[PDB]
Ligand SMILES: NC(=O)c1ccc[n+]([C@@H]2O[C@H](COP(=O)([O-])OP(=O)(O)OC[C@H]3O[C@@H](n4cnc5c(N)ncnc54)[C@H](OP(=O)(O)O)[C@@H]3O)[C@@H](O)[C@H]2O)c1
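Taking the form solved without the ligand, here's one chain by itself in structure tokens.
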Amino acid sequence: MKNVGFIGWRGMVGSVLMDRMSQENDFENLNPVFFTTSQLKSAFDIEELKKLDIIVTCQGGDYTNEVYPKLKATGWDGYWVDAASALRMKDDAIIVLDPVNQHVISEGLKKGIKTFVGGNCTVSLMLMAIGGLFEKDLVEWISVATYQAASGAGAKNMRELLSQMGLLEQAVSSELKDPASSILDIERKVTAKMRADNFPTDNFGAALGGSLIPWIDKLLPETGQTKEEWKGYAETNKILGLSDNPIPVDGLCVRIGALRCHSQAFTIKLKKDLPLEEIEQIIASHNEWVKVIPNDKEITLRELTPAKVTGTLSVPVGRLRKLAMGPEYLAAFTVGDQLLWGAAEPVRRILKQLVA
């Protein structure tokens, strides 16, 4: 059994990984060594890390940027599996999403790649839903509008969102309890609360509960995209292995008041005209997690929502139909859990492949 070191296993993402691994009994297929940054082995002890065959870290980019270089320099030839974005774009690093790019991964191992990094949550969740179309070579480009959850920003962000929602209701607790109060008076109070100085907004820098934030991460002055939107085009193509002939994936990344699921509205420009039924089949057949949701109201309300998807490995995709722009224009909406396929799952899966 391979000796695997775990770093950052107590963080939010790291905790989801430990749970999923335990749930699947992955620990009986490997020898785990747990590291810590607290003053268990020290996550900063290069000598100890070099004894390992594989290192799985959910610690973050700063840690990776500090330790990874030192360890590689020792001559260490083991595998580094990372959830952080730090090494995704390195030429000696492969972004993993095995249900989608198992071939890229297989060839990469054969090539001697020793670094595998999970991809951006929005991109991996998109590929898990729409992967069938890319596999059949049908996508020319994709216009994206996201509805991203707080978990992407962090645990304290999730907490702030919950606190905000609580205070908004509290502002009109009395008014709401009597069925005949003025709804406009109620919103004046809620909105006044949202704009108040004591309204907790330090994590987001703006209210999220009862609102939305059309900006995620930093701006890349050169394109005008935020880093989050930039990863859609950059990461989608590196994952699929189309960096030299990249497929345009761009849009706006917006944060909404949800906890763990990212939702995305798509305008997909296909290369050819196909029957809707054929398109649906191509999508549903790609993997066992995607779930095609019929374009029906009651079914959509029950299946295509964060309420339904949270904490599950299911990737529903629905509202599938042709758009007014042309028969080659397809509309689609998907919902997926940010902490699972968007974070811990690709890492848990590549790990299982490395220790088999």
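The first residue of the sequence shown is number 1, and the count goes up from there.
Unshown form solved in complex with the ligand; subsequent notes refer to it.
The ligand in the bound PDB entry is approached by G342, whose closest heavy atom lies within 4.5 angstroms of it.
Looking at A84, you'd find a heavy atom of it within 4.5 angstroms of the ligand in the bound PDB entry. At the 4.5 Å threshold, heavy atoms of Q338 reach the ligand in the bound PDB entry.
At the 4.5 Å threshold, heavy atoms of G152 reach the ligand in the bound PDB entry. Residues placing heavy atoms within 4.5 Å of the ligand in the bound PDB entry fall in a single listed stretch, namely 152-160, out of 244-252, 152-160, 105-113, 137-145. Screening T36, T312, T305, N295 for any heavy atom within 4.5 Å of the ligand in the bound PDB entry leaves a single hit, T36.
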